[PDB]
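Two forms, one chain: they're shown below as structure tokens, one block per form, named structure 1 and structure 2.
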Structure 1
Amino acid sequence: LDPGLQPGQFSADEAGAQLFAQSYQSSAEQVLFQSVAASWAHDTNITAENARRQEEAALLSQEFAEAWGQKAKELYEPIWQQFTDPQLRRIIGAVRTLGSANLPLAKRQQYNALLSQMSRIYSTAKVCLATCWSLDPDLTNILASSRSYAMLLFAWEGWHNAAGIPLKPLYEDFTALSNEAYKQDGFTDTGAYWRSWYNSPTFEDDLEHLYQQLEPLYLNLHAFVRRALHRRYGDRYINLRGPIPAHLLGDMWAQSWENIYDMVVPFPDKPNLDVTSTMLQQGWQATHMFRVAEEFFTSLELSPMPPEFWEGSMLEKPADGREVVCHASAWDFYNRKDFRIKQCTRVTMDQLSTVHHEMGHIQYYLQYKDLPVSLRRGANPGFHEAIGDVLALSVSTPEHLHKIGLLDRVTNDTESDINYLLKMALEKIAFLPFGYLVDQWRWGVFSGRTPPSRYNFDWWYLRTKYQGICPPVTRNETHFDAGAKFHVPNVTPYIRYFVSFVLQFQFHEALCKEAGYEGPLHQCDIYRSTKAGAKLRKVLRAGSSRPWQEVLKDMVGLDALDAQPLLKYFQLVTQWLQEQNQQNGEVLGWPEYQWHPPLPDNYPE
């Protein structure tokens, strides 16, 4: 470790810990920068050489964490928990938590190589027929636009086999090393460390209680959509009392159902609220999508994207041969200057939402860039996920789409409302069970309740339990279907997204009220509300300097996650779907839990 970066001397009392914390953060900024820079260099240009440089950058961060962490334990381990300044307790408590830097050097190298190899498997997997399809755009477009059961099945099976199977041995090894590292910091397993970010002793119970409120909305949406699919695919491929085959819902993971809106829209004679075809007819490209998203942010008197963002970002998939990680991402280089998005942008309405999601991450980075590096985080990780989704809620309204030229026809009637709320339910309510289950699966793997011998059995137990889907071909434990979802091999926690899909409606309600809007919540558009912008800016500028419960109280008037704003938003369609399902004599749920569809006659082709 370079001499500039090593801890010096500090007094073993609270006053010395303040000076230690100040000096830690000054050096950490430079270690953060070299780490982000090396991760960026590779994911936009996947080469063996860039992988090696990234592993070397990771090893430097471990050296730094060990040096300062051992210094913190030497001076403050028996006393920091009683320090009077709560912000200091948070920083010292983090520095004493060494993470993978607890691992001896050989195991650090093994850990870092596993993360590199797991990333590469996921982001270079292909499905082959001589010629081969990538996840993004090829398989993504098949799942979204094909209505051929056998083609959808070829893409779904091809992807899950190609990405999952080779990951399993690596994921087993990663899990053990990760647990070994965090156990030395005092956590029972890695999942307990991840959950600690929310600083709530009742986190898991609080989440389960939220899901109990939301589940009836999902069950009714599920039953209605299953009926719509039955009308298209027939009684052989859809069981009206069983789980939906997992490849028919528009998305590789059945996690958003937006793409099947045309099969479920209740009143197709009203305006077509999927504006993709109009974006295509009008010639939108990726740069238009990012500039329109930026202009929403500046309409609120939030910050434009700086030149470094436009000069450095990757906004389309390279067509010059390179392999890149196409999964969208937003980067803080921790130098207060460089902030970038990497997105393999496609010209679609749901991608326009994704652009806003990613720019929300950038806006957060811009607003807290001058805090100490350890406070340059969301008030909790769910806050970071909600920012862009909140703006996108306004952007998707038919009223806003009209303003930006994407929906000529204007209507304000009950049918048009049901159409819009149904479309939003396909995006937001359908996600909730998936958002919830992914880290239930991973928490059980980290705790050892789900050993390798049950990775897929327990995955599909949860997928059926919560989402009411089933795999369309037979799976066994050589399959590793969790590993075919980006966040598993890339070791990105997922419960942040369940939190953010609830939180974003709490934010929407608060901002709409601040903007002076007095209509139905689902028709609010906060565009050009500088008062809403100022209220949002306060959250963004706080970073993680204050407990999330108190930041939330200042913003929305309550100190807890609450499902009521989401329920208020959807109330009209919640009532409508319940009435429709009763009228159609639906079974809510999937009591034929064993059912799986047959194979097509000529399968594989």
Structure 2
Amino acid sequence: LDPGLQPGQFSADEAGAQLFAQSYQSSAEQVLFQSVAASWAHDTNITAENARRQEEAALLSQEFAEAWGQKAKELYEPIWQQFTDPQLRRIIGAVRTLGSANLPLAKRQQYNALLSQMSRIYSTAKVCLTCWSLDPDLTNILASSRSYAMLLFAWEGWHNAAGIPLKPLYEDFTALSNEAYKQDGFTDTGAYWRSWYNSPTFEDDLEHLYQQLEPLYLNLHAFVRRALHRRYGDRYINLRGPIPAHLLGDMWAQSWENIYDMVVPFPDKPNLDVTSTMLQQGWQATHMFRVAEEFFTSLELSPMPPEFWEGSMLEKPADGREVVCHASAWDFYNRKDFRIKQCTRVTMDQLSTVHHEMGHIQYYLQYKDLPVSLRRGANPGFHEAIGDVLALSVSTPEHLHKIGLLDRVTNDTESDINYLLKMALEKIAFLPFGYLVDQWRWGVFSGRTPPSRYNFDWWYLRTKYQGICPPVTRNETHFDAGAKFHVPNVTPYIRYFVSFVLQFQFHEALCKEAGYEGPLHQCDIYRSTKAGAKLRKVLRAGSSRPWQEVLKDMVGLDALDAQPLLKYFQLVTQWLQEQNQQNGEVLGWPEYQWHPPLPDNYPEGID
């Protein structure tokens, strides 16, 4: 570790710490920066050499964390936690969690190499027939094809190609991760990840929220299953069984907006999927990013700085470089460099993703002058909610009209149902998936789910919560959880469930602050400087204060609350319940064993 980066001397008392954190920060920014830069160089250009460089940067960060962390415990382990400065004990608390720096050097190196190899396997996996990538090729197939066999080829191909080789690496990763966090006093890595929400009742609170939301999902599920039955027929859809997992528009069946055209209740009203209009008008990634930016500046939040435009990767490279296409936002911790890395495609759903990613960047811009340990969301769910809240305004028919994407204007009950159904496909359909992923992973970290049951427990959860089934037989050689980005890329998931509840709480509060008095689902906060100021207060806080307090200031309640989501969807919630009753549906999937048959001649009968 460079002499300039090593910790010096301090008093073994409460006073010996503010100068400590200032010195830490001076060096931490340099270390964080070099780590983020090496990660960027790999993720935008996957090579063995860039993996090696990223692994060297990771070792340095671990050296740095070990040095600064052993000092805390030398000086303060018996006595720290006690009074004056709130932001200071947060900064200290973060410095003394060693994590992977607890591993001996050989295991640090193994851990870093595992992360690099898992990332490569996921982001370079292909389905061969010249071979198809996940993004754009398989993603486009899942979104647009109505060929059962083609969808199956893409789904099976992807899950086999990505999941199977990940399994042994994921096992080794899990063991090392647990070994690391156990030395910080956590029972397993999952307990560490949950500790970020600073709630002794987190898992119970989540379960109680899910109980309120589940009826909405079950009714959406039953209606969508019927719509699919009318297209695919009785061979491939069981009206009392789980929906085959490849028919819902998305590789993970995690959101269903791409099958909107099959489910739209009133097809004679204006067409709310504006993708075809975006393509007709010649939108490109650049336009999408500038349009999102202009929403942020309408609220008097910050534009994207020049360094963002110069350094970001906004389209998949056309030079045959391998890249991590999965959309992500990047803080370089130098208060200057902030970037998005997205293989942007021209679609409505991608415009929402652009807003999502830009919300992260806006957070980074607003807290860039805080101490580096405080440059985080109030919790990770807050970070995920910011862009989505703006996208809720952008997606309204009235806003789409303002930006030239929806010519017809209508305000009638049928049009409302269409809109709320489209939004339900995006937001309600996600809820079970958002909830189940870290239920799976928490069980893996705890040892409740050993390698012998990775797939059995994954599919238990997928069927339990989503009411889907794999469209081909699976066994434990398959590792279908590994075919979802966040698993091999070690990114926690519960943040997205939290976000999907939180964003409606934020939307309600911002709409009220804006002076809007109509139905919550027709609110557009565009050009509300007052809504902008309220949001800015959240963003500038970082993690300086407990999330419960930040939330209370913003929305008037100190807790996650489903009521604003329920209020937003009330009309369609009622409508779906009535339609399923009238159509004679069974809610749920009592034929829980059911899987669909294979297509004739599969896979040979596909062009």
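Residue numbering: structure 1 sequence, from 1. The term rigid core refers to the most C-alpha atoms you can superpose between the two forms while keeping them within 1.5 Å.
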- Note on the structure: Superposing on the rigid core between the two structures, the only one of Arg89, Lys531, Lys317, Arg336 with a Cα displacement of 2 Å or more is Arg89
- Message: I want to check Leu19: does it shift between the two structures by 2 Å or more at the Cα, with the core superposed?
- Response: yes
- Task: Determine, in Å, the CA shift of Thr47 between the two structures after the rigid core is used for superposition.
- Result: 1.2
